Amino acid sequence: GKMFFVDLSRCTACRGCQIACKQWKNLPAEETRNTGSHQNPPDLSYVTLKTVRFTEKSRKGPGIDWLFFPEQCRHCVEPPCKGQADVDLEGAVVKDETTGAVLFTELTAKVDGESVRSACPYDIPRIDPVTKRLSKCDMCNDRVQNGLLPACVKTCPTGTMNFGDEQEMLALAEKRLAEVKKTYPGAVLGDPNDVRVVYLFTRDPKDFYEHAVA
């Protein structure tokens, strides 16, 4: 299967990834306001599969710890969203057995949407109010199966976004965790045995987002 390694110690919050996801899928923009933050859209929605969350933490001395979290579906090895949707209808949520992508179909309109979100330990699933379809990151599974990197991975200038075979990406995550701990001692990988989107957090993942880890 495939896997993302996301090294948050390299992220400049340029939000190339957030634009690249919408450009590839031709997703519409939300109506947004500034409410005292660079963060926008403020949350995932039916039309936003990835948003970069900004959190500011004080540190002693000059500056802050500025925490950037480009949030997306984790493509869980054993996805509970599927387990819950499979209660109401099989084929609403499937698994590509080649890539490991967890994929919502048009039959998500025929299952209990709110229950599927509730079963997501990462609170990823989002519901269209008109159609009641569910949307999320789909791993750019079409691009992946046609030799291309996912849009958000290709666009990322810093080396934050990494993608490939799960064995190469786990080995990369381990090797990089050892190096990054030298400068960021509280560095951890997010749920690295359970997910296909493996974040390296520079400190306690919850500081980045309430749902950063299960």
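We number the residues from 1 along the sequence you see.
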* **Stretch with the higher entry mean CA B-factor, where the candidates are 47 to 55 and 162 to 170** => 162 to 170
* Can you tell me which stretch has the higher mean Cα B-factor, 149 to 157 or 30 to 38? -> 30 to 38
* Please rank the C-alpha B-factors of the chain's modelled residues and tell me whether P70 sits in the lowest, middle or highest third. => lowest
* To do: Please rank the C-alpha B-factors of the chain's modelled residues and tell me whether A214 sits in the lowest, middle or highest third.
  => highest
* Asked: Would the CA B-factor of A101 place it in the lowest, middle or highest third of its chain?
  -> middle
* Asked: Thinking about Cα B factors across the chain, which third does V111 belong to?
  -> highest
* Report the third (lowest, middle or highest) to which the CA temperature factor of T202 belongs, ranking only the modelled residues of the same chain. => middle
